[PDB]
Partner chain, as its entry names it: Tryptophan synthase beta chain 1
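The chain below stands alone, shown as structure tokens; this is the form deposited without the partner chain.
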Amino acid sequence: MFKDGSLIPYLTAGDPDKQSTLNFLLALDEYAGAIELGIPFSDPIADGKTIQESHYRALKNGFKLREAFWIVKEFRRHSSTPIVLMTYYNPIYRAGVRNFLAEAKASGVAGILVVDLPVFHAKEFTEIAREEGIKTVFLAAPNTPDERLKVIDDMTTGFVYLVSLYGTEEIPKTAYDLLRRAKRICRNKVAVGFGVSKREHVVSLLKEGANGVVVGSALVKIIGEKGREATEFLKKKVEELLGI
């Protein structure tokens, strides 16, 4: 979904509020190959500490599901950078898969990543996503075996998102091994969420074959600290990571 060498910011919708999120997106767009917008959830058990706290913040401040769509829709007026909605299944399930995906599209979403999509539902979900015009993004962690990477690559229409709960401050070996395995298997492009915090991380990861590098925790850490005034600090952290 993005150019090779792309940096992909991840932001939590409504952290600290929907207007600020929108502001952060507009400020980072010029460096983005694509953007992951996370829908906060009460039990984000698949995320690392930093991102989990951002979900807590967003929810405490009163985030409401469709505000995520408001954000995408407003962003669309200014830019066409691909946006991938990242969510837990619960919200989608409760709202009705097709309804959600349909609403997602109408607002401008290009792709969707369902963190904990039950395998039992993968098939129908992907079919509906295709019908509704939304590209799929599936996640794989270091404990994902080659056979599953393949099943994942065959269902993916957007890109494969490789993650590492490991944290770091070096990229863990197990993260690199996942990347190496994926490139040897995936036809789709792959993006990596290995918690980059330094310029050397971005350089290395792209050099090792990542088509794109997601930058989430780094960005979210500044937002948890600066609140609405995070903007400028965000632009500096991305420039730092890009060597500019």
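Positions refer to the first chain, counted from 1.
Missing here is the form solved in complex with the partner chain; even so, the following discussion is about that form.
Taking non-hydrogen atoms only, residue 61 never approaches the partner chain to within 4.5 angstroms in the deposited bound form. The partner chain is not shown here, and in the deposited bound form it never comes within 4.5 Å of any heavy atom of residue 176. Contact annotation for residue 127: none of its heavy atoms lies within 4.5 Å of the partner chain in the deposited bound form. The partner chain is not drawn, but in the deposited bound form it has a heavy atom within 4.5 Å of residue 56.
Stretch-level contact check against the partner chain in the deposited bound form with heavy atoms at 4.5 Å: of 28 to 36, 210 to 218, 46 to 54, 191 to 199, the positive one is 46 to 54. Here is the short version: of 155, 72, 102, 141, the single residue with a heavy atom within 4.5 Å of the partner chain in the deposited bound form is 141. Shown without its partner, this chain lists 121, 98, 78, 150 as candidates; in the deposited bound form, only 121 has a non-hydrogen atom within 4.5 angstroms of the partner chain. Residues 24, 82 and 183 are none of them found to lie within 4.5 Å of the partner chain in the deposited bound form, as judged by heavy atom distances.
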